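A lone chain, given as structure tokens: the form deposited in one PDB entry.
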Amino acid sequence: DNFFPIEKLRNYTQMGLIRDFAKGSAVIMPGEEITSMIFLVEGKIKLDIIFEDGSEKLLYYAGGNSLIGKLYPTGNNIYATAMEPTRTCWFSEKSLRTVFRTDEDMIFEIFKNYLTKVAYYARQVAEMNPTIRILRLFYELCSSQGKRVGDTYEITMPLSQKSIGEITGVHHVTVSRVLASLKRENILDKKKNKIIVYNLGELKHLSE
């Protein structure tokens, strides 16, 4: 929710383009290339990221005085919709120059807003041992679905690393590291249609 509302932007809306949106209309469309900052004069906007597989995850809720800082291409596919009657002011690069030439302080208000967002998201990435969750998942899977094949358990299941990451809330880069380490230590080998457990005892132990 609310990011360093830029309330002083209220005074410069005459220098951008007003765009009003009815409840449920898409303020940003999937694959729409936005090259404007969007000021929320009043309303509520829900902004999501759409990953390259079509999953749609919430980033934030924007309300009165919020700034959507999407002045340039980002590599994230964004989809934003109005959740009430929303009035917005759109500020292209050209119109921001007009703002800065009137009031230089506005450059620093916008820095503060971006800075608030980096501080917020970076801290959350950091806040989130998540590794134990992958071990608990393999342990529960092995102990109920695992078939004894000589001195190994086999779980017949196409469980992609993407699915492991989604189930456990573990970043896709940590999943691959955990699995590499599991293989190297002769514990578990996560192949394509099967998972092979060589050491159920140590797996149980690591997981508890």
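Shifts are known only where both forms have a C-alpha. Rigid core (definition): largest C-alpha set, two forms, superposition within 1.5 Å. Residue indices: 1-based, along the sequence shown.
Only in words, not in the display: the form deposited in another entry, which the text now covers.
In the core-superposed comparison between the shown form and the other one, residue 166 has its Cα shifted by at least 2 Å. When two forms of a protein are overlaid on their rigid core, residues whose CA moves 2 Å or more are considered shifted, and residue 151 is one of them between the shown form and the other one. The Cα shift for residue 176 between the shown form and the other one, taken after rigid core superposition, is 2 angstroms or larger.
Cα of residue 172 to Cα of residue 119: at least 3 Å shorter in the other entry than in the shown structure. Note on residue 47 and residue 174: their C-alpha atoms are nearer in the other entry, a change of at least 3 Å from this conformation.
Core-superposed comparison between the shown form and the other one: one run of at least three consecutive shared residues with Cα shifts of 2 Å or more is located, at 130-208.
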